[PDB]
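Every residue, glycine as well, gets a Cβ built from its backbone with ideal geometry; the counts of neighbours run over all protein chains shown. Nothing in this text is a laboratory measurement; each read-out follows from the coordinates by a stated rule.
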Amino acid sequence: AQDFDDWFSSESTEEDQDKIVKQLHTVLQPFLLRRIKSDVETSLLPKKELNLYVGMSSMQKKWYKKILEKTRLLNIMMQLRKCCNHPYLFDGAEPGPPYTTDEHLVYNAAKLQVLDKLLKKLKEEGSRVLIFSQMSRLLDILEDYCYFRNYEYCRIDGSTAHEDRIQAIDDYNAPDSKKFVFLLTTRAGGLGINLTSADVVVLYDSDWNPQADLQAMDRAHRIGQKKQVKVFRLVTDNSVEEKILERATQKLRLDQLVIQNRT
DNA sequence: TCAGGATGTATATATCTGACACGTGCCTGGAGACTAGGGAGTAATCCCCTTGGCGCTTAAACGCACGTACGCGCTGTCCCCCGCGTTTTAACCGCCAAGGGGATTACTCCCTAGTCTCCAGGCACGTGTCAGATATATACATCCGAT
């Protein structure tokens, strides 16, 4: 790898004039054969994105500052991603006992406040949303929030057997089906699962590996999809999520400069 | 169940002694210079630990059901151990003898350690092998429980 990693001049970024990369274009030419889905009209429909930025909530603003300045408050970087997702995960941020599922849950979640409105705006359009979230515990908050709004939902997350998985996917992929939100996790098993009878997914949380979220949005974008599929990605503002997305971005963009110019 | 005894438990009192107070001499804790080296701060570099997860194999752990054997309660029946009176004898002071042992308090002085300077042999670390010990199967021998 010394002749492969370092010789390539620090990923050919700070010491390249689009020449050494041109060399590697033909270096690994006779080893790979990558053919684009653009050249075939299988999905025959390009995808769409938003990167909507969520003004961070109030009680979250308390916690994020609290985490910084010095309960198992270890691995700080991901802890801040919990605060950026929902403070209710911190065991105590939510109002104490007794426990009720009401609008107070919606207030203390900067993403969910924005997400709630958009979940309404697609209800009238006959869309069915496919939430993909990290930290399966985060699903439980959405699950109960789904229970609060009287929405049709089913869950297929980790620790659910495939026979449970297949009946769950049938409920969503049924003829004249009625499920609106169907929960998963960013991994959600292999590519095999068929979600082409859908039109909108939500990447509630981003990931370090963009390819790990590339195929997840391909779950909807797979073959047979006729209508346009809409993919969301909530991004916390002036927080840890800001740096993760660009970290994914440059790793994502690394693919194009290396692979996406051969064929 | 109630009156009849033996035993601490208080009471007050004369006596012994051993804590408490006081004064001196001596040594050591404090003040004050001087210095040098131990540790605190910095800043590379590599490896491990954390917190979220995800998917898979495969034994253990759990639950359920007979169904014994044993933990427990009762009874009996010794026999052994406790309470009490009676002797008696061994501990416990007091003594005597002489000398040795062990602690101090000086003096003296050899010799054996620490303290340095060089300098090479240990020994630890990073490699590259082989063989001792598994794991399976596989046939063998060898208790255990029911006819």
- Task: Calculate, for A:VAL27 and A:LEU50, the FRET efficiency according to 1/(1 + (r/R0)^6) with r their C-beta to C-beta distance and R0 30 Å; round to the nearest 0.05.
- Result: 0.20
- Give me the Kirkwood hydrodynamic radius of chain A in Å, from all C-alpha pairs, to one decimal place? 20.7
- Pop out the ³J(HN,Hα) list for region A:203-210 in order, Karplus 6.51 cos²θ - 1.76 cosθ + 1.60 with θ = phi - 60°, rounded to Hz; leave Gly and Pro as x. 7, 4, 9, 7, 9, 4, 8, x
- Report the local net charge at A:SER159: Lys and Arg +1, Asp and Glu -1, summed over other residues whose C-beta lies under 15 Å from its C-beta. -1
- Mean Cβ count within 10 Å, highest first, over the residues of peptides A:54-61, A:158-165: A:54-61, A:158-165
- Which is farthest toward the positive dipole end of region A:1-130 among A:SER38, A:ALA110, A:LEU74, measuring Cα position about the Cα centre, with Cβ charges +1 (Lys, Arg) and -1 (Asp, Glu)? A:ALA110
- Using a simple charge model, +1 on the beta-carbon of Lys and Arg, -1 on the beta-carbon of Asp and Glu, nothing else, what dipole does region A:214-263 show about its Cα centre, in debye to the nearest 20? 380
- Query: Based on Cβ point charges of +1 for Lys and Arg and -1 for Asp and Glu, what charge dipole magnitude is obtained for region A:116-263 about its Cα centre, in debye rounded to the nearest 20?
  - Reply: 500
- Arrange the peptides A:166-174, A:98-106, A:180-188 so that the one whose residues have, on average, the most other Cβ atoms within 10 Å appears first. A:180-188, A:166-174, A:98-106
- Can you run phi through the Karplus equation (6.51, -1.76, 1.60; θ = phi - 60°) for region A:180-195 and list ³J(HN,Hα) in whole Hz, with x for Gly and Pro? 8, 10, 10, 7, 9, 9, 3, 7, 6, x, x, 5, x, 4, 9, 10
- Query: Which entries in A:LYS178/A:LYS226; A:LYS70/A:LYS111; A:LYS19/A:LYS48; A:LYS37/A:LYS111; A:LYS37/A:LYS251 show an alpha-carbon gap greater than 24 Å?
  - Reply: A:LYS70/A:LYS111; A:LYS19/A:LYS48; A:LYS37/A:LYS111
- Query: Taking the highest mean first, how do the peptides A:15-28, A:193-206, A:218-231 order by number of other beta carbon atoms within 10 angstrom per residue?
  - Reply: A:193-206, A:218-231, A:15-28
- Query: How high is the FRET efficiency from A:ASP16 to A:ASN150, r the C-beta distance, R0 45 Å, rounded to 0.05?
  - Reply: 0.20
- Rounded to the nearest 0.05, what FRET efficiency is calculated for A:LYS178 and A:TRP7 with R0 set to 45 Å and r the Cβ-Cβ distance? 0.20
- Item | Helical contribution to [θ] at 222 nm, DSSP H n ≥ 4, -39,500 (n - 2.57), averaged over chain A, rounded to 500 | -12000 deg cm²/dmol
- Query: Each residue of region A:213-221 in order: what ³J(HN,Hα) in whole Hz does its phi give by Karplus 6.51 cos²θ - 1.76 cosθ + 1.60, θ = phi - 60°, with x for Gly and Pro?
  - Reply: 9, 5, 6, 5, 6, 6, 4, 6, 6
